[PDB]
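Novice: Sharing a structure with you now.
Cβ placement follows ideal geometry from the backbone for every residue including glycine, while neighbour counts extend to all protein chains displayed. All of the numbers you see were taken from the coordinates with simple rules; none came from a lab.
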Amino acid sequence: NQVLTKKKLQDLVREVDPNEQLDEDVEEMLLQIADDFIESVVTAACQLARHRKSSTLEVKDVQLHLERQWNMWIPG
Amino acid sequence: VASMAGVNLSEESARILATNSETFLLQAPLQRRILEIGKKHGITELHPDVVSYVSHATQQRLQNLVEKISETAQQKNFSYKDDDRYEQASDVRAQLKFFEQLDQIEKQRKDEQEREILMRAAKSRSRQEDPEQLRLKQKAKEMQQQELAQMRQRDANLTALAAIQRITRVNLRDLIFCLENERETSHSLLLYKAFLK
Amino acid sequence: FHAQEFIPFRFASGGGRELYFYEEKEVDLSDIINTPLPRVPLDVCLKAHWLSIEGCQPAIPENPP
Amino acid sequence: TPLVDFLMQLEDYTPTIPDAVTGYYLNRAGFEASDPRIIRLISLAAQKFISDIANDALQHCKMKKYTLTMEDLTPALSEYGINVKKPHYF
Amino acid sequence: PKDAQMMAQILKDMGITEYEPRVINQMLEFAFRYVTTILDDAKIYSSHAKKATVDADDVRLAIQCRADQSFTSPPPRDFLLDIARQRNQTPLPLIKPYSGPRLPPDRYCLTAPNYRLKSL
Amino acid sequence: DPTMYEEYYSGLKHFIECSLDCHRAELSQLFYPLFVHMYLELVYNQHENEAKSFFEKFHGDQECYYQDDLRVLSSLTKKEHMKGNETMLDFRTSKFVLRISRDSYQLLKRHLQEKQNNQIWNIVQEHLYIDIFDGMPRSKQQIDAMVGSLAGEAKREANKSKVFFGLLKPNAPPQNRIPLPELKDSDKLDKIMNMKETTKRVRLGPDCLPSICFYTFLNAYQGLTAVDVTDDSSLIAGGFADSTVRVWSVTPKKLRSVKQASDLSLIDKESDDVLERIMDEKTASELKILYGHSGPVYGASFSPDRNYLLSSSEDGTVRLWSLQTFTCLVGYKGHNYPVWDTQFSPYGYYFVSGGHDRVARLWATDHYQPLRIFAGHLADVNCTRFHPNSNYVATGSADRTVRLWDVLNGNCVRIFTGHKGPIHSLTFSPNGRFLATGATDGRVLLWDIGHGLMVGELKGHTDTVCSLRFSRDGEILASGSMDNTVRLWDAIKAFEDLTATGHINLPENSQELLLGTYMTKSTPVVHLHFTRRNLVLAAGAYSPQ
């Protein structure tokens, strides 16, 4: 059920600083923040998709919620 | 990207040079995760390029937060006292340590007064009666305890005769500091609960 | 103004906009420079007086009547 | 240490904003005046922000100099990501 | 004015008798800022659904997706009572008798040598 | 169901007003909770037009004390407007307690157990508790004295817990119940000169009325939001809207900081002078300004050893300022929201802070995290006051309730309802037996703590009563409000009598309990303090307005 495997998160820190170690509390809170992000993004994207009268959840829907509420602008 | 002179463009480009100056979510459990929230809206199936787009969106959410907490976890590892371009202005911690020393001296003076009272009560021969017998008992009990410790030391002595790279660490404060500043998660139940963890 | 990024000013009040209904909507840029600045008022001080002397209110100028 | 050198030069420098006014809005946010040079660097940073917005607005006015109008501040702050608002209610 | 006389009736319906004259001017400035960010997002959502007319479901979407981010609230009562009973179960710690000035650990206080630059 | 809510409510409105007058005044209590629970259930099920019509037909038969709640409700017409209110969200899930007598409940249940009104009976037994007492039906001016809150007039089973309302050294708690700090030799030296002040302390009573020394803040163009005075009248703190705390010395003795660590290392300890040796004379002012809050300082609290100023502000932090170094020591970040009040314990180790997030936290000046979270209020915790034994914390709030909280177990042991506005002042009697609370309705309600019963109502003030204090003996309660008056109440004749009906017949005796009213010159009385020789001190910014 866990989508972030707690070891790829440590590679997200090694890419920024080769000498850095998070605390176990910090790692667990970061995992909760990730889970919460996935849930909020998917719920709003699904609201945009119902709005577009669709049952498909295409990226256009996920990409629009990032640009308007989070300002991420991930290349599609 | 929509703004050519955007202000968060210059932030994370100067933040990286400040840290230089000192996720890829699993596709199989994520695809079940999107679909269960889709039951509450009627979004029964998802596009095959979305479950890897949300994984790229979760990565740029946490990499924007890992870089943000790294530039405040290295804010505490700047020792001014090695440099001599800086001058010390107010050491309040040392003044608090001096106040603690004053409290310890007051405690020592109280202990000395207690010792003087004990020396006075030593001569107990029915003169002050019980106010002297209690003190004698207490002194005897103290002597016993000191003696147990001394014998634990003596047995240890007898057995001894028989024998003869600075790793930057990110606290929960550095994560909390990067949550109340950004607009999202400033008034949120995840930062409010983090004040008690 | 509203900043989408929110990073230049984060929940920082700029004190509003001094605008009117009966305003001129155009001023000269050297009119604002040549006017004298208002006087910074006095700092907060603590003065004591007497509301009641054993039950009776005195008629000092720090009292209303 | 280019900026440390600049802040050390900032003594004997008078900025466009006074330190009685820059220090007032710093005291309002908890920043207390320990060192004048730090207040002066903060004043100069604010000045640079306003000046850069103004210069971009002037390039827009020259393209469409002289009067600064809200329709010059609107595309000037749009590359900054700031949507300025017309009054429209007075 | 038209919209400024209705603003003095929203305050008087809330019992606000005394207010500054700049209070009406900046609640209108907030009300204008709020409707030009609902309708700005409403035509973004209309272009997503590919319709040339911004109808009422676009404004229903742009209101509830702006109220999901902007206007937050304090934590709810079932959340406050759960973190209370998780915290109020822990017994009170005893006090050391002559520890000194009772303070948190030094990484949680504001007591550091607090340096400054040498004037030269 | 939803289109006939104006037929269910108007039928029960017709039954109650056609009753006999003894039961009519007690059966008028369920007009307000049945009006709100039917209105909020209409707007939660998305029946806006019917909700608006119900509000228009019945809002004006509601009691006058409920106008503020009625205005918040008139704004609430949508469902999503109410889904982010969090006060009407907790009102919809809780139960109105509605203390009624058994003589009037028999007429109510003989009008609801019949099928003719089985719908309004279904709303009553779903949304309303009914707490029955065996006794006389209360009068209308006695019901008016004890109602006014949302989810108000709480059960007697809450006000029957054993409260140790006595002072420390059969109602006193043990000394090891709450782990209170030791009494040092410098703290024992304070009580030696405290009883020299008690020697000159006058007995106030209704005859020897005290002298009031008003310490007005003259310029104060940054708005003064918090005052505190030390227990001996030596320091006066001021919390201001320009995010500053300013300590003033009122004795002829300037505020000095202690010497720096280089100067203390060359002197010796163990000397008799020691404290005198440490003081720095280079830093000696009649005023010290403290910077560091990013918002208007709302709470101000001294410690009883005259160090350790406390301040709370809009930015969500509580700050512990030293008064020996005059710097900040700790910033306690537990609220994300404006902390409206803070107070040290009268023994000086723990402190309680109440904020906008509807809790009050108990801190200890040793942990970055709180020890107790008092999380039962439905609105902002406006006030937080410690008991004189510091085993109990009283938290007044904006939902018109005052609640006592035990420091052990964090349990609410008393709920005091009967205010019509948000409570803006609390104080305890020096006996520990009584509690005076003031709110925006200008009423000072005197509560018993052992019996959990209000013992008197003082209704002289006009505007918000923002400061209360009892005398050092307990002879006089002083009240200061926004009508620029310092009223003195007889706090001995108000407590001359010391149930199972859960109420006492309040006397309507305010006129006999007013010893005097003194008007300030355009100056709201923010603080009231009693000198240890029984001299009233008051502080307020002079606002010409």
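Novice: Identify all residues within the range F:2-49 that are acidic (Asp, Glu) and either buried (at least 18 other Cβ atoms within 10 Å of the Cβ) or not in a helix (DSSP H, G or I) (or both); write none if there are none.
Specialist: Once the filter is applied, which keeps residues that are acidic (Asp, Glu) and either buried (at least 18 other Cβ atoms within 10 Å of the Cβ) or not in a helix (DSSP H, G or I) (or both), the range F:2-49 yields F:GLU26, F:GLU41.
Novice: From E:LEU92, E:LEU103, grab the single residue that is within 7 Å of another protein chain (Cβ to nearest Cβ), in contact with a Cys (Cβ under 8 Å, 6 or more places away or on another chain) and surrounded by 14 or more Cβ atoms within 10 Å (Cβ to Cβ).
Specialist: E:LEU103
Novice: Please state which one of E:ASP57, E:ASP41 is crowded, with 17+ Cβ neighbours inside 10 Å and more than 10 Å from chain B (Cβ to nearest Cβ).
Specialist: Within the list E:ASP57, E:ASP41, the selection yields E:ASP41.
Novice: On the given criteria, is D:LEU58 surrounded by fewer than 17 Cβ atoms within 10 Å (Cβ to Cβ), part of a loop (DSSP other than H, G, I, E, B), aliphatic (A, V, I, L, M) and under 17 Å from the mean Cα position of the chain (by Cα)?
Specialist: no
Novice: Can you tell me which residues in the range A:33-46 are facing chain B (nearest Cβ under 8 Å) and either surrounded by fewer than 19 Cβ atoms within 10 Å (Cβ to Cβ) or in contact with a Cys (Cβ under 6 Å, 6 or more places away or on another chain) (or both)?
Specialist: Answer for the range A:33-46, where residues must be facing chain B (nearest Cβ under 8 Å) and either surrounded by fewer than 19 Cβ atoms within 10 Å (Cβ to Cβ) or in contact with a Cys (Cβ under 6 Å, 6 or more places away or on another chain) (or both): A:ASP36, A:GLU39, A:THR43.
Novice: In the range F:411-428, how many are in a loop (DSSP other than H, G, I, E, B) and either among the aromatic types (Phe, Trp, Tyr) or surrounded by 22 or more Cβ atoms within 10 Å (Cβ to Cβ) (or both)?
Specialist: 2
Novice: Something else: For the range B:34-50, which positions are buried (at least 20 other Cβ atoms within 10 Å of the Cβ) and either assigned to a helix (DSSP H, G or I) or more than 43 Å from the chain's Cα centre (by Cα) (or both)?
Specialist: Those that are buried (at least 20 other Cβ atoms within 10 Å of the Cβ) and either assigned to a helix (DSSP H, G or I) or more than 43 Å from the chain's Cα centre (by Cα) (or both): B:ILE34, B:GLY38, B:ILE43, B:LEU46.
Novice: Within the range E:6-31, track down each residue that is loosely packed, with under 12 Cβ neighbours inside 10 Å and at the interface with chain D (Cβ under 10 Å from one of its Cβ atoms).
Specialist: E:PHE30
Novice: In the range F:408-459, what residues are on the phi > 0 side of the Ramachandran plot and not polar (S, T, N, Q)?
Specialist: F:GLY410, F:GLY418, F:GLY432, F:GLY442, F:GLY452
Novice: Looking only at the range B:45-53, decide whether some residue is within 30 Å of E:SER99 (Cβ to Cβ) and not small (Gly, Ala, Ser).
Specialist: No; the residues of the range B:45-53 include none that is within 30 Å of E:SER99 (Cβ to Cβ) and not small (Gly, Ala, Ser).
Novice: Quick check: anything in the range E:74-82 more than 26 Å from the chain's Cα centre (by Cα) and under 30 Å from F:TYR349 (Cα atoms)?
Specialist: For the range E:74-82, residues more than 26 Å from the chain's Cα centre (by Cα) and under 30 Å from F:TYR349 (Cα atoms): absent.
Novice: Moving to a separate point now. Are there any strands (runs of 3 or more DSSP E) wholly within the range F:315-377 with 3 or more residues that are facing chain E (nearest Cβ under 7 Å), on the phi > 0 side of the Ramachandran plot and surrounded by fewer than 24 Cβ atoms within 10 Å (Cβ to Cβ), and if so which?
Specialist: none
Novice: Here is a list of conditions, (1) away from chain E (no Cβ under 14 Å); (2) touching an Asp or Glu at 6+ places or on another chain (Cβ under 8 Å); (3) over 29 Å from E:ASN114 (Cβ atoms); (4) not aromatic (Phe, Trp, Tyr), and B:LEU190 meets all of them except one; can you say which number that is?
Specialist: (1)
Novice: Here is a follow-up. Quick one: in the range B:15-33, which of the residues that are exposed (fewer than 11 other Cβ atoms within 10 Å of the Cβ) and either in contact with an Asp or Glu (Cβ under 6 Å, 6 or more places away or on another chain) or among the small types (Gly, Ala, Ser) (or both) is farthest from the other protein chains (Cβ to nearest Cβ)?
Specialist: If we take residues in the range B:15-33 being exposed (fewer than 11 other Cβ atoms within 10 Å of the Cβ) and either in contact with an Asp or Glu (Cβ under 6 Å, 6 or more places away or on another chain) or among the small types (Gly, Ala, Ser) (or both), then B:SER21 is farthest from the other protein chains (Cβ to nearest Cβ).
Novice: Looking at F:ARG246 and the list (1) surrounded by 19 or more Cβ atoms within 10 Å (Cβ to Cβ); (2) within 14 Å of chain B (Cβ to nearest Cβ); (3) among the charged types (D, E, K, R), which single condition is not satisfied?
Specialist: (2)
Novice: Report, by residue number, each residue of the range B:84-122 that is outside any helix (DSSP H, G or I), surrounded by 14 or more Cβ atoms within 10 Å (Cβ to Cβ) and either more than 8 Å from chain E (Cβ to nearest Cβ) or of a type outside the set (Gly, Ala, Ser) (or both).
Specialist: Passing the criteria: B:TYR86, B:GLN88, B:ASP91.
Novice: Filter the range F:284-306 down to residues that are within 18 Å of D:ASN27 (Cβ to Cβ) and assigned to a loop (DSSP other than H, G, I, E, B) and give me whichever is farthest from the chain's Cα centre (by Cα).
Specialist: Out of the qualifying residues, it is F:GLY292.
Novice: Let me ask something else. Given the conditions (1) assigned to a loop (DSSP other than H, G, I, E, B); (2) of a type outside the set (S, T, N, Q); (3) at the interface with chain B (Cβ under 8 Å from one of its Cβ atoms); (4) on the phi < 0 side of the Ramachandran plot, and given that E:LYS51 satisfies all but one, which numbered condition is not satisfied?
Specialist: (3)
Novice: Say whether the condition of being assigned to a loop (DSSP other than H, G, I, E, B), exposed (fewer than 13 other Cβ atoms within 10 Å of the Cβ), within 20 Å of the chain's Cα centre (by Cα) and among the acidic types (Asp, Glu) is met by at least one residue in the range C:23-37.
Specialist: no
Novice: Considering only the range B:146-187, state which residues are among the basic types (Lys, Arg) and part of a loop (DSSP other than H, G, I, E, B).
Specialist: Correct list: B:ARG166, B:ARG183.
Novice: Tell me, yes or no, whether the range B:52-70 has at least one residue that is away from chain E (no Cβ under 14 Å), closer than 26 Å to B:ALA14 by Cα, in contact with a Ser or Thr (Cβ under 9 Å, 6 or more places away or on another chain) and outside any helix (DSSP H, G or I).
Specialist: Within the range B:52-70 (the criterion being away from chain E (no Cβ under 14 Å), closer than 26 Å to B:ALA14 by Cα, in contact with a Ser or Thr (Cβ under 9 Å, 6 or more places away or on another chain) and outside any helix (DSSP H, G or I)), the answer is no, since none of the residues qualifies.
Novice: Still on this structure, please answer the following. Can you say whether E:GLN64 is within 7 Å of another protein chain (Cβ to nearest Cβ) and either exposed (fewer than 14 other Cβ atoms within 10 Å of the Cβ) or within 30 Å of B:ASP82 (Cα to Cα) (or both), as far as the supplied structure shows?
Specialist: yes
Novice: Then there's this: So which residues in the range F:90-125 are within 14 Å of chain E (Cβ to nearest Cβ) and surrounded by fewer than 18 Cβ atoms within 10 Å (Cβ to Cβ), if there are any at all?
Specialist: Correct list: F:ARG92, F:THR93, F:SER94, F:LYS95.
Yes or no, residue by residue, for (1) part of a loop (DSSP other than H, G, I, E, B); (2) facing another protein chain (nearest Cβ under 9 Å); (3) under 30 Å from B:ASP84 (Cβ atoms); (4) touching a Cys at 6+ places or on another chain (Cβ under 8 Å):
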| site | (1), (2), (3), (4) |
| --- | --- |
| D:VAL4 | no, yes, yes, no |
| D:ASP12 | yes, no, yes, no |
| D:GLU32 | yes, yes, yes, no |
| D:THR74 | no, no, no, no |
| D:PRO87 | yes, yes, no, no |
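Novice: Given the condition assigned to a strand (DSSP E or B) and more than 14 Å from chain F (Cβ to nearest Cβ), answer yes or no: does some residue in the range C:3-14 qualify?
Specialist: Checking the range C:3-14: at least one residue is assigned to a strand (DSSP E or B) and more than 14 Å from chain F (Cβ to nearest Cβ).
Novice: Identify the single condition in (1) away from chain E (no Cβ under 12 Å); (2) touching a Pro at 6+ places or on another chain (Cβ under 6 Å) that F:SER390 does not satisfy, given that it satisfies every other one.
Specialist: Only one criterion in (1) away from chain E (no Cβ under 12 Å); (2) touching a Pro at 6+ places or on another chain (Cβ under 6 Å) is unmet by F:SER390, namely (1).
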